[PDB]
Amino acid sequence: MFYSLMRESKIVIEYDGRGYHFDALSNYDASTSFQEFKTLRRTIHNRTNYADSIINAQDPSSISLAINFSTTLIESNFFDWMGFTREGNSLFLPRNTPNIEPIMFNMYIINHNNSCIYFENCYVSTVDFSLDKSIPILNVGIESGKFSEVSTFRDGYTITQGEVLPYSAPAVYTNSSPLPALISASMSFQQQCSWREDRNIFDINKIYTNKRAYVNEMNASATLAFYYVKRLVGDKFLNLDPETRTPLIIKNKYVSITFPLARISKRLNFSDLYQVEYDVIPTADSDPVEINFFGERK
Amino acid sequence: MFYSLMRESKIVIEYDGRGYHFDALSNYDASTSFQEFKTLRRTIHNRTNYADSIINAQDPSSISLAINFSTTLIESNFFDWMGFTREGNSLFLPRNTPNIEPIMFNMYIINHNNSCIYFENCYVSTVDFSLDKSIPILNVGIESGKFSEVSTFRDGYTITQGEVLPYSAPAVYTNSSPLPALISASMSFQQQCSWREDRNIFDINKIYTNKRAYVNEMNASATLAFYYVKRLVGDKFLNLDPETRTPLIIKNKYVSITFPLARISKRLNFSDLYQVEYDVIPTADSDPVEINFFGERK
Amino acid sequence: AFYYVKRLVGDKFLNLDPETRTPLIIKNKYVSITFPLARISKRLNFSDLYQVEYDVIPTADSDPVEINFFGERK
Amino acid sequence: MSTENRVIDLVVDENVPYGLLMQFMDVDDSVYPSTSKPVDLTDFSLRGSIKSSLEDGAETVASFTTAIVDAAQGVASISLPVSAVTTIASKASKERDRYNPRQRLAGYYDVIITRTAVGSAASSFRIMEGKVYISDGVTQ
Amino acid sequence: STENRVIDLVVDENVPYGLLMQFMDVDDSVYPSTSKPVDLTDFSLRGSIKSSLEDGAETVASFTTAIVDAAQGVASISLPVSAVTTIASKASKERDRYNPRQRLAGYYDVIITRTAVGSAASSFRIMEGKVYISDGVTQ
Amino acid sequence: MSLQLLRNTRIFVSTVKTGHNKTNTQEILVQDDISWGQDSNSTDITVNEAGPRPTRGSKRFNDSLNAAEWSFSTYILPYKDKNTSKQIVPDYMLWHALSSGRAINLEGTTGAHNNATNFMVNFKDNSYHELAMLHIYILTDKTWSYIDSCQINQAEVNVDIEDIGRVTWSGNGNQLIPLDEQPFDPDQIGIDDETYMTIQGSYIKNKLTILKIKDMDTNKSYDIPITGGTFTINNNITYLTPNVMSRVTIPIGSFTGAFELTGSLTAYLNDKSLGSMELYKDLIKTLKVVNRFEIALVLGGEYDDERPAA
Amino acid sequence: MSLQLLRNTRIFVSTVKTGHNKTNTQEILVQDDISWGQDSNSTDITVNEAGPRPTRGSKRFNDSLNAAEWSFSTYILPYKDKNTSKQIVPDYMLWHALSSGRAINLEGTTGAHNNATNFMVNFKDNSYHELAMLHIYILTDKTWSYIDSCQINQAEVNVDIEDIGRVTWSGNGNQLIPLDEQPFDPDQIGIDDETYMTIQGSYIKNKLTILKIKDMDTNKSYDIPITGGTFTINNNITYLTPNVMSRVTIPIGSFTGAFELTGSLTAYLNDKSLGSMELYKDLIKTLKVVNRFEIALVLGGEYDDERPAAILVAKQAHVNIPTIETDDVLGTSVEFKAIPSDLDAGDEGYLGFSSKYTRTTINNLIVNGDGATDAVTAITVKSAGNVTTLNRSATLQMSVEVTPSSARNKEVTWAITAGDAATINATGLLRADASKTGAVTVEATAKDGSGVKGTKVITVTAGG
């Protein structure tokens, strides 16, 4: 019979009636499960041994995708779907969350012989990538409400990811002054939604699937790792004091995350070679956080 | 002097005045300990540094044995002692727990030079074995109340385990229709008893040992791992929907655990090759769960 | 941490019973920690070779715990 | 249901008389709690011997002197004089053990309590068994 | 508790030695253990220092027993400075690991005794161990 | 009172432990590199103290026996037998136990089955956790011995030009058992001079090796003169042995792994049309995750007149 | 201005760093494969950045020194010295530091101790965390050097037939120290020509190697002609070095591991009675977790006339399950390990070296532990007054005569084996009763473990 290989698969995200086949996929992980109500009615009459278990709900699925950067920048739609406002090829973090509910979309995981798993009512809840000395890759995390098995599906023949972008060394700046001795710049963006369970007595003897959710908060964060370097005795630029507001940018040849004003906290580790670690979050009144997506030639 | 080697040992279980020497023992683990009451009486008069610790109880021991299947089927007595009713060579899971207290027995761990450790007031609390592509072995877990050191002991010269049964591939059926692409069938049976601590003021200045216990519940469970295989598009037999009641049997050449009616929950993992995982428990009104022990030639 | 060793059948010196008060000293050529009276709890592990483990704390009325520091030649 | 402890290892002290006394007590478990009454040792005699080995043909190191202290309280004493202790010390194994050079293996011992009379059945009973060790002394 | 008869004596070179034993009888039936001292009547202590445990070993020295304050149980075991010198003469030239001043001089044990207090010679060993000479510098 | 030489070894392959006849046992013509045996496991328990005067002593326990290892090399020697007039290889039951887990049936269509034209082996019926079960019988000079319940783990075939076509067998058995009495008369079961002449009439020379490779995605046949190669039939069979602390144990049963049919083919680069260079350039230009090639390695060459071939 | 050649190296083994005399230092005759040295540890600290214009620079720190390694091979050369007239091997202090952790005492009974008959090494006193401590002195041409506070890690002995009996030593030292001044005059301490002649008179040839193996659980001696083998005496000594970040460190002390006495013995398969094939078949048929074998490897052979020999004796040995080594001639390997009766008992095995071994000497070495202590060879039991029979209710206090007349253990035990018509006591006073009409036997065996048999069939009847 037909076995199902992960390497022989195709992941298509269905949004607005168009299929976004996300090629250049390094690895994805997903699971499906059901919720049970298992009670044991041991009584003084009969100290029974057999439980009363009924399947009544579908446990929400947690799908994680690892997607390489591409020249056609389809992967920026994950920021677009997660709530960021768009102007050109740059994504803004809005001052306030636009809507109460996230942007919902369906996703297919295609396989050979018309086999498919249909995740519905999905939303992008996490996107983080590490700019480092290895090839950058953004791990997106989406949560589903209802999963199903379907025969025919949506396959993104045209909308697809192009060639992976060549590696380019990261560099973090303050205005235009470079920060020396970078190790690993990791950026994190989240849409911490929550499922609104509305399982009621009208759903008795039926399988319940989560359908609606609301956004608790959105945020942009970055953890920067440096080597503890000082150029002067009693230096003022490079030290361990906190910085309430400072313009920061984690720049690459193909992407540049901008914090117009940042709150930096420093942490020193007395390891083999001393390392300082930053904790960059935008300030209260900071302008929207920028995320530029340069395909080629900026 | 005399050292004590685990390989040079003999474990004899004393039940009903007869010694059940359990040979074909792959490995066992045990520990003994005491309970203390350590309080520090720091006062405004004397902020002392020396605690007031008295040993007043023996912490119950947790002995785990790993026993190979044998041709004389002495190992089925663990199901017999754990509470299952017996008819011929098949063990039933009773609808209700027979008695409030479990079946108590003593156990010896013999060693050379008349050295022994005497575990008393033991009961079988867990038995689970995995039918897989390796040789099956059932790990039993017993809990003791009182441990002691004795000079002479009970040694099961006659009652002993025979030769280990040859390996035979497991197979799980629904009625008589085989379930394809089995990976690992793991069965679990438990007698979740609880110690009734009755340490009172008449035991002050004495070491207390647990003596009596009551059965909270008995259960039979099995976790089945398959490969996600489908033979048709929109198949009805093989899918991810829950099955409220279905006859299942995890069969081998020497053992067959039967669920007359089973509650199956399925879980799909999108791993290198897709794997589905079952969660088989007997239903509310299901007939007693069968465990047959075939020595040779069924 | 010791190995479970017994010299006699039904030995009294080496066994698993707790010891409310017993003078103990963990001695070296350069350091010696002394417990004038100790509360010992024993724990047996049925490992490859049986091991017993002590838990030594000074008693309530024990004299102060000693820690000697010998540089050379005691 | 519990186990007995017939195997007991004795340790004697060189140049010092060794005295061991055993009390036999009747026991029972019933509706009323454990009732114990001393066993009346009448026509009850003891006899113990020590040899350097279990195997047949072992040299008899010495023998124990047996006596009954109190029949009403069911107490019997099994011991040996100081000269017998010296005799056993001479015949002990010369192999010492580190961490305690005092103790040396002397051999194996058994004790049988018997009741012999015309109306009494010819019944013996090995009450104990084990090995005899010696704590070598320097005084005397 | 259990048994702690084994204690090692470290006697000083060129200095007379005297040990003070407060005999005692502790009972742990009541939580504050009874401090009743044994009463020293018809009691005599004997102790010899003999190199090695083998039979025929030469007697290096002999302890001198003193019984004082019988009511409260205390007693004294001692030996003159001449006995100390005789002990130090026959001590081995190898020094102890933990202290480079001590040298093994022999073994010892003291034996209590009741002499017909109830028409019984109830003599048993009190303590035992090894005797160590500590080399002096003053003389 | 005698020494045993390896040159006098004779190997018989059987499917039965009794009732040995010419249809259950035949001699297998082996070479110098024949080897067999069985290893044992042990353990040392050592006390590891830290104080002065520590205990320095060890102790050994025999705990388990490993699966018996055997291996030998044989020549690929197809021929036709006079009794059935069907082409058959002398070590045909080895091929069957390699190919399928069912009872041997040369009249069938799966596993090792012969014909009036050629002897054929296909792996269409190897879905079994325990393939066809053999018993290797070893005769060294006068003493007998055999390995109980063997399984053909793999069959190595090395295409070594300027050498004869040869196959190397490997496998495992439950236990090697020395036999004091003769199981069967080796004179009768062993191959006689007539079939020896018939066999030596047919030899496969690795030099005359043509290869036929075709890209099924493009319909492009290549002309690649081989320099040297090898292909393997592997079962990845693992033998399970029980763990018992009180007594030593021997393997009890086995389980076949994943059936692999790999190969490796070396050749010189040719600038001619449809040569090695063209195949290499096409393969490195396409850069495809999956390929569909038809490969037909023909040992012994192809000719208009009758020639032996594998 | 000179180059130093390895051929001019001379090795002296010492127990003292000063006051070097002929009883503390002797030369050790080494071979070409001699080697010594000391390695050092280091570390590289490299900065691993990710941005453009990264820093590409490293830095090295010396952090510690390893324990000094030394090894050399010597010939087993037993002989008797003129001064003491006791058989001694020239590298005897090496054997002592291998065997025991106490001060050397050849007059004693533990470790390396000699005798007027043979030189013996037993491991009955090796329960020490720091064995006897040596100092290897190395003299290459003119310059001096030595390794401080060495310990004998192991001693490899390879039974390579058609070659001479040789032992390879290995060990570790705290630190290798080069000496500018001469510690002692090597001319005086080094062996002179007379003792060289005496030594070269005695050589051990590995070809003449007989092996004596016996199954103690079955009483079956095997006749196995060896093809090649080896046995090792290993201490598993590990040297501890402190970790200091600011300064380099050298090892400070050591700790002995687990004493192992293993071996490996290759031989051809023999179909003869009690041959290699029988041993292999018995071992693979029994399939026992533990074995009790007596192994006595006798290098140099056994002969009636005096011959040099080196003997390893394993009283209670453990033999692995053999395997067949398929070669041009079929063979096998008998890998064994000498285990003690008790873990803290020592006595795993012992060795006896001498240039004068008659067969009786090695026999009583094997069965008594010393070549000088004679051992009983045969016994015929004797009754009380040359009596041939017995009647019902009659005593028979039987006696014993033994050979040789100078055996140290002249006593025997008593037992009844065949028939049930009499009983015997410890002294031998056989006693019978009525209704005894069968033939009963009596047996006696010595207490030295020789394996001597004393038997007699007494024809006890019902009487006249």
# chains A, B, ... in the order shown; residues from 1 in each chain; ligands from 1
$ residues_around --residues "residue 134 in chain E" --least-positions-apart "6" --cutoff "6 Å" --atoms "only C-alpha atoms" --output "list in words"
residues 12, 13, 101 and 102 of chain E
$ write_last_selection --atoms "C-alpha atoms" --output "short mmCIF file (atom, residue, chain, number, x, y, z; two decimals), in the first residue's frame"
data_model
loop_
_atom_site.label_atom_id
_atom_site.label_comp_id
_atom_site.auth_asym_id
_atom_site.auth_seq_id
_atom_site.Cartn_x
_atom_site.Cartn_y
_atom_site.Cartn_z
CA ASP E 12 54.40 10.78 74.37
CA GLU E 13 58.15 10.20 74.41
CA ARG E 101 55.60 11.65 64.73
CA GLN E 102 53.80 8.43 65.71
#
$ interface_residues --of "chain C" --to "chain D" --cutoff "7 Å" --atoms "only C-alpha atoms" --output "ChimeraX atom specification"
/C:8-10
$ closest_atom_pairs --of "chain G" --to "chain A" --cutoff "6 Å" --atoms "only C-alpha atoms" --output "Markdown table"
| residue | atom | partner | partner_atom | distance |
| --- | --- | --- | --- | --- |
| G:49 | CA | A:183 | CA | 4.7 |
| G:50 | CA | A:133 | CA | 5.0 |
| G:51 | CA | A:169 | CA | 5.0 |
| G:52 | CA | A:169 | CA | 5.7 |
$ select_by_dssp --residues "chain C" --states "strand (DSSP E)" --output "NGL selection string"
:C and (2-3 or 5-6 or 19-27 or 31-45 or 51-58 or 66-69)
$ write_last_selection --atoms "N, CA and C atoms" --output "short mmCIF file (atom, residue, chain, number, x, y, z; two decimals), in the first residue's frame"
data_model
loop_
_atom_site.label_atom_id
_atom_site.label_comp_id
_atom_site.auth_asym_id
_atom_site.auth_seq_id
_atom_site.Cartn_x
_atom_site.Cartn_y
_atom_site.Cartn_z
N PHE C 2 29.96 3.87 50.39
CA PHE C 2 30.72 2.66 50.63
C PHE C 2 30.24 1.56 49.70
N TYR C 3 30.95 0.43 49.73
CA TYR C 3 30.45 -0.81 49.17
C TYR C 3 29.84 -1.63 50.29
N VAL C 5 29.59 -4.21 52.49
CA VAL C 5 30.49 -5.26 52.93
C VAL C 5 30.06 -5.72 54.31
N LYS C 6 30.01 -7.04 54.50
CA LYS C 6 29.71 -7.64 55.78
C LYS C 6 30.78 -8.69 56.07
N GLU C 19 22.16 5.00 63.18
CA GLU C 19 23.02 5.23 64.34
C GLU C 19 22.74 6.63 64.87
N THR C 20 22.10 6.71 66.04
CA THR C 20 21.71 8.00 66.59
C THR C 20 22.92 8.86 66.91
N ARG C 21 23.93 8.28 67.56
CA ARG C 21 25.13 9.02 67.92
C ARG C 21 26.33 8.10 67.80
N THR C 22 27.31 8.51 66.99
CA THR C 22 28.54 7.76 66.82
C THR C 22 29.65 8.71 66.40
N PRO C 23 30.83 8.61 67.01
CA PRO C 23 31.93 9.51 66.64
C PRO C 23 32.50 9.11 65.28
N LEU C 24 32.55 10.08 64.37
CA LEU C 24 33.03 9.86 63.01
C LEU C 24 34.10 10.88 62.67
N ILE C 25 35.02 10.48 61.79
CA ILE C 25 36.05 11.38 61.29
C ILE C 25 36.41 10.96 59.87
N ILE C 26 36.35 11.91 58.94
CA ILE C 26 36.76 11.69 57.56
C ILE C 26 38.16 12.28 57.43
N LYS C 27 39.16 11.41 57.48
CA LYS C 27 40.54 11.83 57.66
C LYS C 27 41.32 11.73 56.36
N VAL C 31 43.85 17.06 55.74
CA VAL C 31 42.60 17.61 56.26
C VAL C 31 41.87 16.50 57.00
N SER C 32 41.13 16.89 58.04
CA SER C 32 40.38 15.92 58.83
C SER C 32 39.13 16.60 59.38
N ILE C 33 37.97 16.24 58.85
CA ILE C 33 36.70 16.75 59.33
C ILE C 33 36.18 15.80 60.40
N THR C 34 35.94 16.33 61.60
CA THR C 34 35.57 15.52 62.75
C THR C 34 34.14 15.82 63.18
N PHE C 35 33.34 14.77 63.33
CA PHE C 35 32.02 14.88 63.94
C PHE C 35 32.08 14.21 65.31
N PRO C 36 32.12 14.97 66.40
CA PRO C 36 32.20 14.33 67.73
C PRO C 36 31.06 13.38 68.00
N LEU C 37 29.86 13.69 67.52
CA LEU C 37 28.73 12.77 67.55
C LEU C 37 27.95 12.98 66.27
N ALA C 38 27.60 11.88 65.59
CA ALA C 38 27.01 11.96 64.27
C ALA C 38 25.72 11.17 64.21
N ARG C 39 24.81 11.63 63.36
CA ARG C 39 23.55 10.94 63.07
C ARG C 39 23.67 10.37 61.66
N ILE C 40 23.78 9.06 61.56
CA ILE C 40 24.05 8.38 60.30
C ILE C 40 22.78 7.68 59.82
N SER C 41 22.40 7.94 58.57
CA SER C 41 21.33 7.23 57.89
C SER C 41 21.92 6.49 56.70
N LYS C 42 21.51 5.24 56.52
CA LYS C 42 22.09 4.37 55.51
C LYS C 42 21.09 4.10 54.40
N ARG C 43 21.63 3.87 53.20
CA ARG C 43 20.82 3.67 52.00
C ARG C 43 21.54 2.68 51.10
N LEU C 44 20.89 1.56 50.80
CA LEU C 44 21.50 0.49 50.03
C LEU C 44 20.99 0.53 48.59
N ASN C 45 21.92 0.43 47.64
CA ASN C 45 21.59 0.38 46.22
C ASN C 45 22.03 -0.96 45.66
N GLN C 51 26.15 -1.05 46.97
CA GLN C 51 26.72 0.15 47.55
C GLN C 51 25.80 0.67 48.64
N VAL C 52 26.37 1.01 49.79
CA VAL C 52 25.64 1.68 50.86
C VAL C 52 26.10 3.13 50.91
N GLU C 53 25.17 4.02 51.26
CA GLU C 53 25.43 5.45 51.26
C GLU C 53 25.01 6.02 52.60
N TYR C 54 25.92 6.74 53.25
CA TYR C 54 25.65 7.34 54.54
C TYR C 54 25.20 8.79 54.37
N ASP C 55 24.54 9.31 55.40
CA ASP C 55 24.11 10.70 55.46
C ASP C 55 24.46 11.22 56.84
N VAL C 56 25.64 11.81 56.97
CA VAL C 56 26.22 12.16 58.27
C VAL C 56 25.92 13.62 58.57
N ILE C 57 25.21 13.87 59.66
CA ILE C 57 25.03 15.22 60.19
C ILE C 57 25.34 15.18 61.68
N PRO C 58 25.84 16.26 62.27
CA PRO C 58 26.07 16.28 63.71
C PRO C 58 24.76 16.25 64.48
N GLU C 66 34.85 19.76 63.77
CA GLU C 66 36.22 20.17 63.54
C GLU C 66 36.58 20.10 62.06
N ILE C 67 37.38 21.06 61.61
CA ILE C 67 37.99 21.01 60.28
C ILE C 67 39.45 21.43 60.41
N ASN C 68 40.35 20.47 60.41
CA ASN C 68 41.78 20.73 60.55
C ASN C 68 42.41 20.92 59.18
N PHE C 69 43.37 21.83 59.10
CA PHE C 69 44.09 22.12 57.86
C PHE C 69 45.58 21.90 58.12
#
$ residues_around --residues "residue 13 in chain A" --least-positions-apart "3" --cutoff "8 Å" --atoms "only C-alpha atoms" --output "number ranges by chain"
A: 19-22, 105-108
$ write_last_selection --atoms "N, CA, C and O atoms" --output "tab-separated table (two decimals), in the first residue's frame"
chain	number	residue	atom	x	y	z
A	19	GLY	N	-3.27	29.79	-3.47
A	19	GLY	CA	-2.40	28.83	-2.85
A	19	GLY	C	-0.95	29.30	-2.84
A	19	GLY	O	-0.37	29.57	-3.89
A	20	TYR	N	-0.39	29.39	-1.64
A	20	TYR	CA	0.99	29.82	-1.45
A	20	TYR	C	1.83	28.58	-1.14
A	20	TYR	O	2.04	28.23	0.01
A	21	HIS	N	2.29	27.91	-2.19
A	21	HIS	CA	3.15	26.75	-2.03
A	21	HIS	C	4.52	27.21	-1.54
A	21	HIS	O	5.24	27.90	-2.26
A	22	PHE	N	4.87	26.83	-0.31
A	22	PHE	CA	6.10	27.30	0.33
A	22	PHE	C	7.20	26.28	0.08
A	22	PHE	O	7.45	25.38	0.89
A	105	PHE	N	-6.24	31.34	8.18
A	105	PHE	CA	-6.00	30.74	6.88
A	105	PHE	C	-5.95	29.23	7.04
A	105	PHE	O	-5.76	28.71	8.14
A	106	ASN	N	-6.14	28.54	5.92
A	106	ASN	CA	-6.05	27.09	5.89
A	106	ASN	C	-4.71	26.66	5.30
A	106	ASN	O	-4.05	27.40	4.58
A	107	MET	N	-4.32	25.43	5.63
A	107	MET	CA	-3.04	24.89	5.17
A	107	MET	C	-3.22	23.44	4.77
A	107	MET	O	-3.92	22.68	5.44
A	108	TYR	N	-2.57	23.05	3.67
A	108	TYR	CA	-2.56	21.68	3.19
A	108	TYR	C	-1.16	21.11	3.31
A	108	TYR	O	-0.17	21.83	3.17
$ atom_distance --atom1 "CA of residue 165 in chain G" --atom2 "CA of residue 73 in chain G"
10.6 Å
$ closest_atom_pairs --of "chain A" --to "chain B" --cutoff "10 Å" --atoms "only C-alpha atoms" --output "CSV"
residue,atom,partner,partner_atom,distance
A:1,CA,B:231,CA,5.4
A:2,CA,B:229,CA,5.8
A:3,CA,B:229,CA,5.2
A:4,CA,B:274,CA,5.6
A:5,CA,B:273,CA,4.7
A:6,CA,B:272,CA,5.1
A:7,CA,B:272,CA,7.2
A:8,CA,B:273,CA,9.7
A:27,CA,B:271,CA,9.9
A:28,CA,B:270,CA,8.0
A:29,CA,B:270,CA,5.9
A:30,CA,B:270,CA,5.5
A:31,CA,B:269,CA,4.9
A:32,CA,B:268,CA,5.4
A:33,CA,B:267,CA,4.9
A:34,CA,B:265,CA,7.1
A:35,CA,B:265,CA,9.0
A:36,CA,B:265,CA,8.7
A:40,CA,B:217,CA,8.9
A:41,CA,B:284,CA,9.7
A:42,CA,B:217,CA,8.4
A:43,CA,B:96,CA,9.8
A:45,CA,B:96,CA,9.7
A:46,CA,B:96,CA,6.1
A:47,CA,B:96,CA,5.0
A:48,CA,B:96,CA,4.1
A:49,CA,B:96,CA,5.4
A:50,CA,B:284,CA,5.1
A:51,CA,B:284,CA,5.6
A:52,CA,B:284,CA,5.4
A:53,CA,B:283,CA,7.5
A:54,CA,B:244,CA,7.4
A:55,CA,B:242,CA,7.1
A:56,CA,B:242,CA,9.8
A:63,CA,B:270,CA,9.7
A:109,CA,B:270,CA,9.8
A:113,CA,B:233,CA,7.7
A:114,CA,B:233,CA,6.8
A:115,CA,B:233,CA,7.1
A:116,CA,B:233,CA,9.8
A:147,CA,B:240,CA,9.9
A:148,CA,B:240,CA,8.5
A:149,CA,B:234,CA,7.7
A:150,CA,B:234,CA,7.1
A:151,CA,B:233,CA,6.3
A:152,CA,B:233,CA,9.5
A:207,CA,B:242,CA,10.0
$ select_by_dssp --residues "chain D" --states "alpha helix (DSSP H)" --output "number ranges by chain"
D: 82-90
$ residues_around --residues "range 369-377 of chain G" --least-positions-apart "5" --cutoff "8 Å" --atoms "only C-alpha atoms" --output "NGL selection string"
:G and (115-118 or 120 or 352 or 361-364 or 402-404 or 406-410 or 446 or 448 or 450 or 452)
$ residues_around --residues "range 57-63 of chain E" --least-positions-apart "2" --cutoff "12 Å" --atoms "only C-alpha atoms" --output "ChimeraX atom specification"
/D:137-140 /E:17-19,44-55,65-66,76-91,104-111,131
$ closest_atom_pairs --of "chain G" --to "chain F" --cutoff "9 Å" --atoms "only C-alpha atoms" --output "JSON lines"
{"residue": "G:126", "atom": "CA", "partner": "F:56", "partner_atom": "CA", "distance": 7.5}
{"residue": "G:127", "atom": "CA", "partner": "F:53", "partner_atom": "CA", "distance": 4.9}
{"residue": "G:128", "atom": "CA", "partner": "F:53", "partner_atom": "CA", "distance": 4.4}
{"residue": "G:129", "atom": "CA", "partner": "F:52", "partner_atom": "CA", "distance": 5.6}
{"residue": "G:130", "atom": "CA", "partner": "F:52", "partner_atom": "CA", "distance": 8.5}
{"residue": "G:235", "atom": "CA", "partner": "F:56", "partner_atom": "CA", "distance": 8.7}
{"residue": "G:255", "atom": "CA", "partner": "F:50", "partner_atom": "CA", "distance": 8.3}
{"residue": "G:256", "atom": "CA", "partner": "F:56", "partner_atom": "CA", "distance": 8.2}
{"residue": "G:257", "atom": "CA", "partner": "F:56", "partner_atom": "CA", "distance": 6.9}
{"residue": "G:258", "atom": "CA", "partner": "F:56", "partner_atom": "CA", "distance": 4.9}
{"residue": "G:259", "atom": "CA", "partner": "F:56", "partner_atom": "CA", "distance": 5.4}
{"residue": "G:260", "atom": "CA", "partner": "F:58", "partner_atom": "CA", "distance": 6.8}
{"residue": "G:268", "atom": "CA", "partner": "F:3", "partner_atom": "CA", "distance": 7.3}
{"residue": "G:269", "atom": "CA", "partner": "F:3", "partner_atom": "CA", "distance": 6.3}
{"residue": "G:270", "atom": "CA", "partner": "F:3", "partner_atom": "CA", "distance": 5.7}
{"residue": "G:271", "atom": "CA", "partner": "F:1", "partner_atom": "CA", "distance": 4.9}
{"residue": "G:272", "atom": "CA", "partner": "F:1", "partner_atom": "CA", "distance": 3.8}
{"residue": "G:273", "atom": "CA", "partner": "F:1", "partner_atom": "CA", "distance": 7.4}
{"residue": "G:275", "atom": "CA", "partner": "F:1", "partner_atom": "CA", "distance": 8.5}
{"residue": "G:281", "atom": "CA", "partner": "F:178", "partner_atom": "CA", "distance": 7.3}
{"residue": "G:284", "atom": "CA", "partner": "F:177", "partner_atom": "CA", "distance": 8.6}
{"residue": "G:285", "atom": "CA", "partner": "F:177", "partner_atom": "CA", "distance": 8.8}
{"residue": "G:287", "atom": "CA", "partner": "F:248", "partner_atom": "CA", "distance": 6.5}
{"residue": "G:288", "atom": "CA", "partner": "F:248", "partner_atom": "CA", "distance": 6.7}
{"residue": "G:289", "atom": "CA", "partner": "F:62", "partner_atom": "CA", "distance": 4.4}
{"residue": "G:290", "atom": "CA", "partner": "F:61", "partner_atom": "CA", "distance": 5.7}
{"residue": "G:291", "atom": "CA", "partner": "F:61", "partner_atom": "CA", "distance": 8.7}
{"residue": "G:318", "atom": "CA", "partner": "F:60", "partner_atom": "CA", "distance": 6.9}
{"residue": "G:320", "atom": "CA", "partner": "F:62", "partner_atom": "CA", "distance": 7.2}
{"residue": "G:321", "atom": "CA", "partner": "F:40", "partner_atom": "CA", "distance": 6.2}
{"residue": "G:322", "atom": "CA", "partner": "F:39", "partner_atom": "CA", "distance": 7.9}
{"residue": "G:323", "atom": "CA", "partner": "F:38", "partner_atom": "CA", "distance": 6.2}
{"residue": "G:324", "atom": "CA", "partner": "F:37", "partner_atom": "CA", "distance": 6.0}
{"residue": "G:325", "atom": "CA", "partner": "F:37", "partner_atom": "CA", "distance": 7.8}
{"residue": "G:326", "atom": "CA", "partner": "F:35", "partner_atom": "CA", "distance": 6.1}
{"residue": "G:327", "atom": "CA", "partner": "F:6", "partner_atom": "CA", "distance": 6.5}
{"residue": "G:328", "atom": "CA", "partner": "F:6", "partner_atom": "CA", "distance": 5.3}
{"residue": "G:329", "atom": "CA", "partner": "F:5", "partner_atom": "CA", "distance": 4.5}
{"residue": "G:330", "atom": "CA", "partner": "F:4", "partner_atom": "CA", "distance": 5.7}
{"residue": "G:331", "atom": "CA", "partner": "F:4", "partner_atom": "CA", "distance": 8.5}
{"residue": "G:337", "atom": "CA", "partner": "F:60", "partner_atom": "CA", "distance": 7.7}
{"residue": "G:338", "atom": "CA", "partner": "F:59", "partner_atom": "CA", "distance": 8.6}
{"residue": "G:339", "atom": "CA", "partner": "F:59", "partner_atom": "CA", "distance": 5.6}
{"residue": "G:340", "atom": "CA", "partner": "F:57", "partner_atom": "CA", "distance": 6.9}
{"residue": "G:342", "atom": "CA", "partner": "F:57", "partner_atom": "CA", "distance": 7.9}
{"residue": "G:343", "atom": "CA", "partner": "F:57", "partner_atom": "CA", "distance": 4.7}
{"residue": "G:344", "atom": "CA", "partner": "F:55", "partner_atom": "CA", "distance": 5.1}
{"residue": "G:345", "atom": "CA", "partner": "F:57", "partner_atom": "CA", "distance": 8.0}
{"residue": "G:346", "atom": "CA", "partner": "F:57", "partner_atom": "CA", "distance": 6.9}
{"residue": "G:348", "atom": "CA", "partner": "F:57", "partner_atom": "CA", "distance": 8.2}
